[PDB]
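Just so you know, residue 1 is the first one in the sequence shown, and it goes up from there. Hydrogens, waters and symmetry mates play no part in the numbers below; they use all other heavy atoms, side chains included.
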Amino acid sequence: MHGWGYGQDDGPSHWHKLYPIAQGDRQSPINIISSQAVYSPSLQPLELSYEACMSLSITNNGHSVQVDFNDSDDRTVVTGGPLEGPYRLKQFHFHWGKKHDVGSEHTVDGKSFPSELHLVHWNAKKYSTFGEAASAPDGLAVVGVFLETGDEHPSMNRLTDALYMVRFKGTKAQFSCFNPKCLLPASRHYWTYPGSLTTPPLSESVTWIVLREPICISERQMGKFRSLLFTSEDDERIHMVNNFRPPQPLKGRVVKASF
Ligand SMILES: CCOc1ccc2nc(S(N)(=O)=O)sc2c1
Ligand SMILES: [Zn+2]
């Protein structure tokens with residue numbers, strides 16, 4: 001194949017042609033069967049410690065919109081949960097659908113949400129850089145958050161209005177002072193399991209922490225996401241929607257629940 005994406009010919013069903021781990025045994029996302037999750041009271045409490053999160057840029061890369069963070073210090077970290085130590089926040093990005101019915105990567109008891117946020121952290125204690133950690137075992141901790149449609153979300157206009165600046169693939173804009181505290185739900189309950197990156201290279205490097213409680217945005221904010229393009233300034237315009245990987249087989253992994 002010549003590239004990867006979400007189209008008919010370059011989409012998730014074909015990724016295995018370039019990325020054979022696509023058919024491996026620790027692949028994400030999965031369908032979370034709520035009643036087959038194993039309670040785990042032994043888990044430490046999940047601490048998204050984001051007080052000094054210092055944002056740097058927002059970028060459309062042809063697959064998602066993505067915001068990066070400085071990660072020179074252990075300032076912005078996730079700790080506790082199933083994590084044997086702290087992980088430095090690198091970036092967040094979203095996945096979403098054509099319609100309300102689809103868009104999220106993980107499903108709960110067969111049910112999709114219209115979007116899913118992924119906060120990507122790395123193990124800077126063990127590994128020297130993020131690209132290294134990104135393909136190593138226990139290199140990453142990804143926290144996912146579903147999004148339903150409902151009433152408005154104020155903190156999430158600063159993000160959503162910036163989407164106009166970065167609408168073509170390849171465009172990057174300064175994005176200072178966005179703290180992602182404002183994208184987290186009240187509850188810190190979660191499911192966790194070992195899995196992979198959901199886009200190439202699909203490395204089996206991820207401890208997934210999926211939050212139980214979603215955040216709400218308005219159909220209106222949701223629509224601004226759909227006004228992004230997969231494609232660059234000098235090509236035919238194809239809007240970014242259905243940029244998600246379906247659930248993958250569990251092949252015997254344990255999904256722990258913290259509640
Ligand atoms: C250095 C390679 O960086 C990568 C590549 C793919 C990738 N996919 C995810 S996701 N959708 O959070 O599971 S984070 C990530 C980081
Ligand atoms: Zn993702």
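Remark: the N60 side chain and the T171 side chain contain no N/O donor-acceptor pair separated by less than 3.5 Å. Using modelled atom types, one finds no donor on one side chain facing an acceptor on the other under 3.5 Å when comparing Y193 with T207. Counted by atom type alone, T149 and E219 present one or more donor-acceptor pairs between their side chains at under 3.5 Å. In this structure, a donor-acceptor pair under 3.5 Å is absent between the side chains of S40 and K256.
Of the residues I33, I30, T192, the one that meets the side-chain contact (heavy atoms from CB on, under 4.5 Å) test with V255 is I30. Partner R245 forms a side chain to side chain donor-acceptor pair (under 3.5 Å) with one of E105, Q27, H106 and no other, that one being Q27.
Judged by distance alone, the side chain of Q221 and the main-chain N or O of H153 form a donor-acceptor pair under 3.5 Å. With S28 contributing its side chain and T198 its backbone, the two residues share no donor-acceptor pair below 3.5 Å. The main-chain N or O of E116 is never found under 3.5 Å from a side-chain atom of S104 such that the two would form a donor-acceptor pair. Judged by distance alone, the side chain of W15 and the main-chain N or O of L202 form no donor-acceptor pair under 3.5 Å. Side chain of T160 to backbone of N157: no donor-acceptor contact under 3.5 angstrom is found. Looking only at distances, a side-chain donor or acceptor of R253 sits under 3.5 Å from a matching main-chain atom of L250. Between the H121 side chain and the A141 main chain, a donor and an acceptor come within less than 3.5 Å of each other. Looking only at distances, a side-chain donor or acceptor of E213 sits under 3.5 Å from a matching main-chain atom of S187.
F225 and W96 have their aromatic ring centers within a separation under 6.0 angstrom.
Of all heavy-atom pairs between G110 and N31, the closest is N-OD1, 3.0 Å. Contact between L197 and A134 at its shortest, heavy atoms only, is CD1-O, 3.8 Å. The two residues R226 and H100 come nearest to each other via the heavy atoms NH2-N, 3.8 Å. When all heavy atoms of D10 and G3 are compared, the closest pair comes out as CB-O, 3.9 Å. Annotation for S55 and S176: closest pair OG-C, 3.2 Å, computed over non-hydrogen atoms. Contact record, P12 with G5: CD-O, 3.7 Å, taken as the closest heavy-atom pair.
Relative ring orientation between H63 and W4 is described as parallel, the plane-to-plane angle staying below 30° on a 0-90° scale split at 30° and 60°. In this structure, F92 and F69 have tilted ring planes: the angle between them lies in the 30° to 60° band.
Within the 4.5 Å cutoff, no side-chain heavy atoms of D68 are placed close to those of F175. Looking only at side-chain heavy atoms (C-beta outward), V77 and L89 stay at 4.5 Å or farther from each other. Within the 4.5 Å cutoff, no side-chain heavy atoms of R88 are placed close to those of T76. Between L117 and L147, the closest side-chain pair of non-hydrogen atoms falls below 4.5 Å. In this structure, the side chains of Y6 and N242 stay at 4.5 Å or more apart for every pair of heavy atoms. Two residues are said to be in side-chain contact when any heavy atoms from C-beta on lie closer than 4.5 Å; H118 and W208 meet this criterion. With contacts defined as side-chain heavy-atom distances shorter than 4.5 Å, the pair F168/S232 does not qualify. Within the 4.5 Å cutoff, no side-chain heavy atoms of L46 are placed close to those of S258.
A distance of 9.0 Å separates CE in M1 from CG in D9, rounded to the nearest 0.5 Å. Interatomic distance, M240 CE to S64 OG, rounded to the nearest 0.5 Å: 6.5 Å. In this structure, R26 CZ and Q248 CD are separated by 14.0 Å, a value rounded to the nearest 0.5 Å. Rounding to the nearest 0.5 Å places OH of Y87 at 5.0 Å from CG of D138.
Take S203 and apply the side chain to side chain donor-acceptor pair (under 3.5 Å) test, not counting sequence neighbours, and it matches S135.
Note that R158 lies outside the cation-pi zone of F178, set by a 6.0 Å cut-off to the ring centre and a 45° limit from the axis.
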List the steps and the verdict of side chain to side chain contact (heavy atoms under 4.5 Å, CB included) for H95 and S115.
CA-CA 6 Å; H95 304 268; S115 189; 5.5 Å; no
